[PDB]
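This document opens with one chain alone, in structure tokens, the form deposited in one PDB entry.
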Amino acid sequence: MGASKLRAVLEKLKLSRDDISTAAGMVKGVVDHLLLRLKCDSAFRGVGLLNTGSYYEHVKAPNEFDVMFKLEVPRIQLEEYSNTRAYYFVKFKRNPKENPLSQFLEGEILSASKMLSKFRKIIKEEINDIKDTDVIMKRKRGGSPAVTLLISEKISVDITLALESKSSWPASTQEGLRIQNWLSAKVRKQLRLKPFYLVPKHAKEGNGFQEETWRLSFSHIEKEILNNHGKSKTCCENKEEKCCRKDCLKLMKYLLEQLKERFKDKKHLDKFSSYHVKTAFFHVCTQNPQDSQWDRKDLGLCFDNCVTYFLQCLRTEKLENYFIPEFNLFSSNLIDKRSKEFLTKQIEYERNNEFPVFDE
């Protein structure tokens, strides 16, 4: 695929500032309401919106949003669950006083499900009485840490509770975030000085879930490297330094979206998500650390790079969490071989036919 061809695909996907800002305005209204309602509970007194510029997650298009509600909690003490590397039990270093989160304490262990339940119940209670905006809560999605809302039958919002820890990141992330040769060792240090988050997504335990466990999240870091993405500090600030990194990611996401859409009737692509694509993309960024390897005229080659890497990940059934290297997002235990073989074949068909998926 030629570079100009690929950018013509993105150009026709570009949304009008009006349709975007209207969409953003609706979710902000709902979010503002939920935040203040939430503050009426002592346990969520500390809730606040984490890292949101309210830019949508779908390319097409401005109908889906992903928000995290960060909760500042006292010094946290983690205990890794069954060496899963990403899931943890949360305990408090000092709990002699009857904590505000004490109601969610099952033993010395802060229950993810109990918090998630109340969080959800509080939100569901304010959804009936929202002024001027029609809002509905979606069914619980299997295994999701998120409360999903649908605004005006058009806009989906994922609202995810997020415990904030200012402690240093857990050992499982020691070899993660390999950005040294790309964004530099000192950027990695400064990033790792920032807080990490815990969302109420439970580890698998037999036919069910270990309902107390939380999972690590670094969406704030993911946000930072996407918007400050070059080896050069002035990457994408002038004509002579315009790179195609953001375009590649968009095209990879739109490819996955379109395929998921085409084959909704089948079940094969249901477990794949833009998070897989974003992760695959970060790895490619690490493999191609130079801004010259992401030249604007090379969008064609760079996109194929991303496609090819993603394909290798599907075939070998290995896609490392960018922050937690021993967590395999593509293990056969999460996504079975057939689904990955199906996605593999469709992407390959697309590439061999000049991406019919990319035209209207």
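The term rigid core refers to the maximal set of C-alpha atoms that superpose within 1.5 Å between the two forms. Residue numbers here begin at 1 and follow the sequence given.
Form deposited in another entry: not shown, discussed below.
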property	result
Option from 168, 238, 128, 174 moving between the shown form and the other one, CA shift at or above 2 Å, rigid core reference	128
Residue shift check between the shown form and the other one, rigid core fit, residue 262 Cα at least 2 Å	no
C-alpha of residue 107 off by 2 Å or more between the shown form and the other one on rigid core	no
Post core alignment: residue 290 C-alpha displaced by 2 Å or more between the shown form and the other one	no
Pairwise C-alpha change, residue 53 versus residue 250, in the other form against this form - closer or farther, 3 angstroms or more	closer
Closer or farther in the other form, the Cα atoms of residue 256 and residue 139, when the shift from this form is 3 Å or more	farther
